[PDB]
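As structure tokens, the structure follows; a few thoughts come after it.
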Amino acid sequence: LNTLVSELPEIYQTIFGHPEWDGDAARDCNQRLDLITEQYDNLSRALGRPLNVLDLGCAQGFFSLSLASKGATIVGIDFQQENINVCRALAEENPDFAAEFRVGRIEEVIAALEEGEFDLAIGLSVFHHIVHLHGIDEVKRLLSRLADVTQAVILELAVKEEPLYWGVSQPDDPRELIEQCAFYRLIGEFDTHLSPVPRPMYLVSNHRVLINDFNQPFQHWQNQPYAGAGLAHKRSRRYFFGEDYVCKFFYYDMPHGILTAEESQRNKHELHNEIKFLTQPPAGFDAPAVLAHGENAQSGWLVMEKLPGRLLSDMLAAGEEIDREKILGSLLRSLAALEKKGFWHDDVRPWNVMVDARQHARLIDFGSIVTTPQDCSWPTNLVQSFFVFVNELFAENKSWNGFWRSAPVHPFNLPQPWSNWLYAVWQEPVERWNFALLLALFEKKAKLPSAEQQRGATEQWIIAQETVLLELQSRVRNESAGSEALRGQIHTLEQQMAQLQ
Amino acid sequence: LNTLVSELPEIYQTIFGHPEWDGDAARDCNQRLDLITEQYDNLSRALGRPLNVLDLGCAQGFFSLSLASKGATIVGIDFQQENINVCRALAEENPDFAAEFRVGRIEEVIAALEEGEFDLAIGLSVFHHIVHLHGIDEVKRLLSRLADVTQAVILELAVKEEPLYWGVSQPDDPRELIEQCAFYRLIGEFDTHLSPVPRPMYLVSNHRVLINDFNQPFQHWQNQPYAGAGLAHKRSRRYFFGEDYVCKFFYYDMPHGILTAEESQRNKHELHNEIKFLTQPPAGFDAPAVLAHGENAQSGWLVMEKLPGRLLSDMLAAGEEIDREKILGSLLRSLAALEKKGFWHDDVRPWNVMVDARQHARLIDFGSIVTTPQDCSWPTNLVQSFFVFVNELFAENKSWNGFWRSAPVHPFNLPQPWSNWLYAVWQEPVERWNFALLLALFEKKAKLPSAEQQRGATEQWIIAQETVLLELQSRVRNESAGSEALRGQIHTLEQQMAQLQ
Amino acid sequence: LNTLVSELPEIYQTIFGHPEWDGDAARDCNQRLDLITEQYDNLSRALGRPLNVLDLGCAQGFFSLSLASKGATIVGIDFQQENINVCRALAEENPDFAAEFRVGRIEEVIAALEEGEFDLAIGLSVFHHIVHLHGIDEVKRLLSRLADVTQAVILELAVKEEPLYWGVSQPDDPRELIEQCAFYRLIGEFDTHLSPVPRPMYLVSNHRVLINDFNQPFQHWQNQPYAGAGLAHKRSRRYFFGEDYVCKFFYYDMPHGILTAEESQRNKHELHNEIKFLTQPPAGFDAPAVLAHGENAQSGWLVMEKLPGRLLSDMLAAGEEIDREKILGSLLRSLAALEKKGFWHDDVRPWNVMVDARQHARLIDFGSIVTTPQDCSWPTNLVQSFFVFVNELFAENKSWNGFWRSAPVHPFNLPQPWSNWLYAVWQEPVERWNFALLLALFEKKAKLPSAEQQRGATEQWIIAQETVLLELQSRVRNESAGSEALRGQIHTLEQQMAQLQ
Ligand SMILES: C[S@@+](CC[C@H](N)C(=O)[O-])C[C@H]1O[C@@H](n2cnc3c(N)ncnc32)[C@H](O)[C@@H]1O
Ligand SMILES: C[S@@+](CC[C@H](N)C(=O)[O-])C[C@H]1O[C@@H](n2cnc3c(N)ncnc32)[C@H](O)[C@@H]1O
Ligand SMILES: C[S@@+](CC[C@H](N)C(=O)[O-])C[C@H]1O[C@@H](n2cnc3c(N)ncnc32)[C@H](O)[C@@H]1O
């Protein structure tokens, strides 16, 4: 037994149960255990039972046994023989610890898994040898399917910047081996004696949100804020669904090359604005409660209430008849309340609304709640953006896309009587353009003058021009798109020449 | 004789004179005759003499003889021998019928023709064998030159959707074999016992309009409404000239694939509007009389007076000095009369006008006479379109093409005193913008204020912007055109790869 | 001696000293001398000493000796032998004439030169044989480096349109062999007995301005009026620096193919306007004096004072903080004075200004001093152009390039209080829009109303639209540029096919 232990070749781990060889070969080992433990406990409590564990690359089966010691089933895998023998023997020493173990190569043992066979897999300082053998492209799929078959995988990756030969083969950033998955958070990081460049400790999943505290599953997930949002935020923002919750996860740091100052800073700013607003807000609304908020080294995480109903942008996208009025009424009521307080929401656009059987329209993305000044992103000085939004709301007119979306400002196309409402607001001087005014005008809009008549001169002229402008922008988009497509195809051909040479 | 008749191989036709073999082999034969007869009679009366006839593919010379029986010269052609022998004999039975006949292959007998040798050619159930032998591309030229050498050709084409082997070679639409010619109308159609898919009966010409009643020659013809109109109407609209008449011919149905609902419907709507207007119109104009109107299954035909003078668009296109004023005066006078009645013409554009030695401008295309509402196609609410038109009229400024033509709205560039006229109209509220007002202002425009002075602010600003806008549209057109050209060239290259593979 | 002279083969020149062979072989020779002399004298006086001379291709050393006779050092070069022998002997006849001479081929004798070894080189009827041997591409460099190593080169070129065989090899325009250099002026031209097509006489330099009278060196030189001016003037306009002077040189005639009527005429018009203005101008400014003005057959030359300080466009281009106000004050003061006189400057744009420690802004390019009417090139009726210019002045906003530069018209973005100044001007009717008004408003602008408040309606709307417009133009520029680049690359490929065939 003792003899078989030394027969062992390179004691990477601590042998579990006796401390006599802790002095000889090793790495720290015991700390990593502590964090994994924390994670296990939190996870298990959250679903409501003990868990199945996969110690992919276990060596001396240290981690397995230490987990099995707390009511866990482990099937530890280390392809080389001696490491397994001794750890299976270590398994027998403490009979109550349900751990199986076997010799075999991880790649194929992963292949042979089930959608929910295991709840947890461990990949501590193991894959860097695999990727050296196979390649980045290969390994990525293993891990991706590993997240799919389990429910949460924790890994410790060796970075390319290490002395050992294999280093050169692995990716400059170990984060490249995980990105393909849904959730990933930096739960830890450890320094190596090899070089002053430490190896990180990541946490993944393809079914659940795995925060410090909030460990709940999601239904669907993505990478963009809304339908037709694009690349606007450099693939950095992540959005997770949930039956009763919704999650935001912005990264402050990205693989390879980077979110420039402004982007990183702004999504940092955005979150910190949101959390500081949602906790301690004004009076007179039905705003969602903070379900979970928190920050990490490179990553900033937020979770809130999955408030009811669904988005307008997608409604208009289809055409589900929405009562034009009701949404506006509620929005204005709250909006007024806000204008009163001294706050403001700059992005008054149709991608920020909710609808139910009462159509009580409430906003989303409270990171746009700008306190001090009106401004928006485009139509300067709010009220105009609101006009656009109103045109965007009514709509039923072609499909205009000007980068700086979309519909005409001004009511004249708007049917009667809103037509009139807005012309009345319009007449007035800009200094009086506060939302308090609008709502009031909004309310007694039925008694307002004919609008469409008092126009003539200018005001007709510009209607004709506003329609011309969107068509122009609208086309520029398409020919610009043709141009961008060729820019993309031209890169390929430049590369191709080198391949052909 | 009788013996030679049966010696004959396959009695496709009825032998002419005796009814004894009408029972044996056949196709109906006698009906087709009746329609051809009608057509001959109408044609002959219209020019004022009997006619030369070409029975291309005659078989038993039935049709020839039946035509020769009414004072016609026929040179019937059937390449195979037996069919000719018997029909020449049938020719001799009735000596007074001037018909020659000979054995030879149609293709070469067509080649040997003269510009006005024949007045009529018959191609009843014959070419489908030719196109099987040669091909669609080939046959098209035969027919095209056949229309050129004669004066009217009637054909009966076998459609590709027929059981017989040759079917597969012919075009899915038999209308593809004729389109290259000037005039074509569906004069009939016949069902075949082969399959429940009938073979049509078309009527062509490259010199004359061949209506039911109106059978008059034209000088020149085309496919587009005006110089620089484009593909806007899917090659469906045809326009025929004439020394004293003008013709319109819109198709409700096209070869291969199709005028979508809107296009078919709109050109149907356009005609039906025109005929319903020109007959029973308002008071106070010099409008043209209906020379001929009528409808067919797939085709809608209209003919009216070739009213005098010539178009303005082409005048401006060159530069023939037109008295700026006179045209406007008359146009307004009638226009006013119309506004008064309750009617309206929406397309107040320079492609719709006439000019003589008195410049009494009158419109064209009475399918744009929209009764109820002002609107136009672009510059909304007429009066503005009129402004554009006035700028379009004066002009002498570069060459602006914005899709939504072209010139600035507003008079400020317009020289004095119209400058003033329009600023005065402009000042006024839009609700008062009726043509009745304009004419009156038009008349006393000499006594109007300085216009160009009272501007300042806005009104200058927008002048500068209006000039910018056309330049922008104007360029977008060209780079858009470059883009469309590459889209066209790219298709070719995609195809090319398949050819090269 | 006399015997050696006839031993000579072809007496192209006159033998210097005796007139006995002037009758036999020759070309005129003596006239060319007279012009070269003039040039030498003027040059020498201007630097303040006698000069070193290179008689590249000298034949009978006539010109050399004639120059050496006036205190010049000559190293005459004629590759063929006999011509040198006799001219070295002619050199010895008049011992006081410092001339060396040697046999060798010009190309290599040029190679062996120094930056300031010689002050003058002569290339009279010599290179056409070289270019026949080598080629246009080759010869151009010889001459280019010849201008660099000397300080002024005069040449007489044989044009391609000559009977002699070599003609076919030389360029259709002999001006093609010089253009690469900095300065070139047509100082003369001579008819040849060969054909009624004369050979010209050009004067070059790469260090100095070589006018009739003004023979001063420059520091730097170019081809475009300012940073980012482009090809706008067909490579015809040349601009020469100087420690105390500045030079303009516009060509009325260009190599190959040509400055069309308008371009030639306009740069002729531009100069003649300038000289007629700068001499006999209005009162109330600090305008520069004419240092030298004059005209030539194909070339129009002007030189004026290098007035102090530097350009604004390049200041803004970098960002050297300029006192927003001071420049405006002075400009307006003079501008007012001008408006008063009855004159005007149409191109009120930031590429036409100067700055010092007092920022007393004064204009440049007095060829834009249009007397009678306001107009500019774009923003019609001056005052608006001034608005643009003011926006262009303040700036600090992105980088807008609309062809018709650039910034918004109108003050509303302009900070306070100019904001107000311009709204006040704006309010007023256009007929009152003279600069006299503006300055006065400019002065008491501190006491003006709030501007930014009284807006509302329209005036806000158009602010939003003005920003949209520049972005649109701004993009059109880039995609237009992509398009133009492909137009350029496509030409190459069309050519390539012919090369590949
Ligand atoms: C360095 S250890 C770390 C073990 C454990 N994850 C830890 O951190 O305590 C990695 C172990 O996995 C094994 N291993 C490496 N590549 C493997 C593969 N493709 N399949 C199975 N085991 C592998 C090695 O034998 C080695 O003992
Ligand atoms: C089916 S028939 C119809 C005859 C006649 N057009 C009618 O409908 O009563 C066609 C006849 O034209 C002849 N034919 C076919 N191809 C021909 C060609 N290329 N040249 C001359 N005759 C041809 C055939 O022999 C056949 O008898
Ligand atoms: C026609 S002459 C003119 C001489 C002198 N430039 C003049 O105009 O009085 C040109 C002379 O230069 C010589 N020459 C031609 N090509 C030359 C070369 N590549 N190098 C040196 N000398 C050359 C010829 O021998 C000839 O005598």
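Residue numbers (the deposited numbering), protein chains in the order written: chain A, 5 to 505; chain A', 5 to 505; chain A'', 5 to 505. A prime marks a further copy of an entry chain.
Beta carbons are placed, not taken as given, at the ideal position from N, Cα and C, and that holds for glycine.
- According to the DSSP assignment, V9 of chain A'' belongs to the alpha helix (DSSP H) that extends over 6 to 11.
- Distance from the C-beta of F67 of chain A' to the nearest heavy atom of ligand 2 is below 7 Å.
- For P433 of chain A, the C-beta contacts it makes with chain A'' under 8 Å involve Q457, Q458, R459, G460, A461, in order along the chain.
- Closer than 7 Å to some heavy atom of ligand 1: that does not describe the Cβ of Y206 of chain A.
- A direct Cα-to-Cα measurement between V153 of chain A'' and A63 of chain A'' gives close to 23 Å.
- Cβ-Cβ distances below 7 Å link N300 of chain A to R189, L190 in the same chain, with the five nearest sequence neighbours on each side left out; the list follows chain order.
- Segment contact: the segment 446 to 458 of chain A' against the segment 481 to 488 of chain A', fewer than three CB-CB distances shorter than 8 Å; contact not assigned.
- Fewer than three beta-carbon pairs drawn from the segment 316 to 336 of chain A and the segment 369 to 380 of chain A are found closer than 8 Å, and the two stretches are therefore not classed as touching.
- Distances taken from the Cβ of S73 of chain A to the heavy atoms of ligand 1 include none shorter than 7 Å.
- When rounded, the separation of the alpha-carbon atoms in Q174 of chain A'' and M319 of chain A' is 50 Å.
- Uninterrupted beta strand (DSSP E) stretches at least 3 residues long and entirely within the segment 67 to 151 of chain A occur at 76 to 78, 124 to 128, given in chain order.
- When distances are taken from the beta-carbon of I373 of chain A' to the heavy atoms of ligand 2, even the shortest one reaches 7 Å or more.
- Closest in C-alpha terms to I140 of chain A'', from the list A'':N98, A'':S381, A'':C33, A'':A162, comes A'':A162.
- Residues of chain A' with a Cβ closer than 9 Å to the Cβ of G406 of chain A do not exist, since the nearest Cβ in that chain sits about 14 Å away.
- Boundaries for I326 of chain A: no alpha helix (DSSP H) harbours it, and the DSSP string shows neither H nor E there.
- Taking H211 of chain A'' as reference, the option from A'':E247, A'':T7, A'':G288 with the minimal CA-CA separation is A'':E247.
- With its beta carbon at least 8 Å from every one in chain A'', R362 of chain A' lies outside the interface.
- Those residues of the segment 483 to 498 of chain A placed with their C-beta closer than 7 Å to a C-beta in chain A' are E483, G486, ordered along the chain.
- If you ignore the 5 residues before and after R31 of chain A', its C-beta comes within less than 7 Å of the C-beta of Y16, all in its own chain and listed in chain order.
- Close partners of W465 of chain A in chain A'' (Cβ separation under 7 Å) are lacking, with about 11 Å as the shortest Cβ gap.
- At a cut-off of 8 Å between beta carbons, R53 of chain A' makes no contact with chain A''.
- For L473 of chain A, a Cβ of chain A'' is located within less than 8 Å of the residue's own Cβ.
- In terms of side-chain proximity, the C-beta atom of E111 of chain A'' is found nearer than 7 Å to a non-hydrogen atom of ligand 3.
- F101 of chain A and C91 of chain A have their C-alpha atoms roughly 12 Å apart.
- Under the three-state reduction of DSSP output, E14 of chain A' falls in the coil class, being neither helix nor strand.
- Taken from the Cβ of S173 of chain A', every heavy atom of ligand 2 lies 7 Å or farther away.
- In the three-state DSSP reduction, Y230 of chain A'' falls in the coil class, being neither helix nor strand.
- Residue environment analysis places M501 of chain A among the exposed positions, since fewer than 16 neighbouring C-beta atoms fall within 10 angstroms of its C-beta.
- In this structure, ligand 1 has no non-hydrogen atom nearer than 7 Å to the beta-carbon of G323 of chain A.
- The Cβ atoms of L60 of chain A and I110 of chain A sit closer than 8 Å to each other.
- For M358 of chain A, no alpha helix (DSSP H) segment is defined, and its DSSP state is neither H nor E.
- With a 10 Å radius around the Cβ and a threshold of 16 neighbouring Cβ atoms, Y169 of chain A' comes out exposed.
- Contacts between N385 of chain A'' and chain A', judged by CB atoms closer than 7 Å, involve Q464 in chain order.
- Using a Cβ-Cβ cut-off of 8 Å, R481 of chain A' does not count as an interface residue toward chain A'', since no Cβ of chain A'' sits closer than that to its own.
- Among the residues facing chain A'', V208 of chain A is not included, as its CB has no counterpart in that chain under 8 Å away.
- Residues of the segment 407 to 432 of chain A' with a C-beta less than 9 Å from any C-beta of chain A: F407, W408, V413, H414, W430, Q431, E432, listed in chain order.
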